[PDB]
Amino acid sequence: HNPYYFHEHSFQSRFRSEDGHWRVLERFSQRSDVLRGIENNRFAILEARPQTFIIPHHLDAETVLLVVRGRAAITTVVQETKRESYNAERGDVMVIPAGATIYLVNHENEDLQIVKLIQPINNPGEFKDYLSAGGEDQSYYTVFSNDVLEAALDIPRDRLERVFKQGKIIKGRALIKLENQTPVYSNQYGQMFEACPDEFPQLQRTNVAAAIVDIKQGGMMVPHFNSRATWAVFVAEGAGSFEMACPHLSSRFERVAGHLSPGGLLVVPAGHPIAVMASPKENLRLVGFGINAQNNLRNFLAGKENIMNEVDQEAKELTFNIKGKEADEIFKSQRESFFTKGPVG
């Protein structure tokens, strides 16, 4: 009865090794139908234990990187050929071209969490991992004929047999630091940082936008919706809950309700009205990428600055049960904007 929320476990696992876990959430078209326009997107995550390394690789796919926890040092290379390497702490955003080869090192004493947004460039809603070391079958040097390897590298074939044979995580104007930006919505009850294509050319490729939201203890992000963007948001830390009105689940809306437990992913389509509560005990951080966000507007149904306030009184009078001015009693009554103090029970 609730399609839009995926659990920790619903992640299709990729690796599961001591040094790290790299796993991708299944596409949006197994399970549901109502998610289609985002199907060429895949949400994935990465974990790498302290003192870890990740092999040089690439994807036939576009990646949007957002680091959740810890720290790592990133490197991207392409081809005349150029090198770019960066410092990644919590709340960093990177836009990694398809075919662009990248490695990384987690040199740090606690874990490293990284959330990727991957758009397959080849087969729609299907991507993969092109890798330098592993398997009898797993290297893009290792698998090739020794005659063509030996020819190509200009070195003796038995000597090749000792280097490129002898998975990905082992022991050890591109980036923009997201959390180091200016919150579009802050107040007291929570803060939201956002990087969008309209301000950031590097995003215009991947089509998407990147964000990080915090809602304080017992806070709330008021009912509202996204113009165009379809957001996929992951639960970084904490717990909470949400209500979203769904027409598909015949324009009658049924309420979609649920709790956000750590390591979950919620999908919030364009124009979907949503309100979010950050729970009695702890705070809640959501971290995640919107699909299709360009000139995407967020419109609020409550709070001081919202859409109602900007409508003529007559509209309000005919629409609801309220008067020419007495409308303002109702919609200016939330003294805060965006986030405010939420429900109980």
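Numbering starts at 1 and runs along the sequence shown.
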property	result
Unmodelled deposited residues between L249 and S250, binned	4 to 9
Residues of the deposited sequence that sit between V184 and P183 yet are not modelled	none
Between the two ranges 230-238 and 81-89, the one averaging a larger CA B factor in the entry	81-89
279-287 versus 27-35 - which carries the larger mean C-alpha B factor in the record	27-35
Deposited CA B-factor, highest of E243, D129, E199, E150	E199
C-alpha B-factor winner, where the candidates are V143, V115, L266, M221	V143
Entry-reported Cα temperature factor of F253, expressed as the chain third it lands in	highest
Assigned third (lowest, middle, highest) for the C-alpha B factor of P3	middle
Third of chain Cα B-factors occupied by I170	highest
Chain third (lowest, middle, highest) by recorded CA B-factor, residue given as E47	highest
For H272, the third of its chain into which the C-alpha B factor falls	lowest
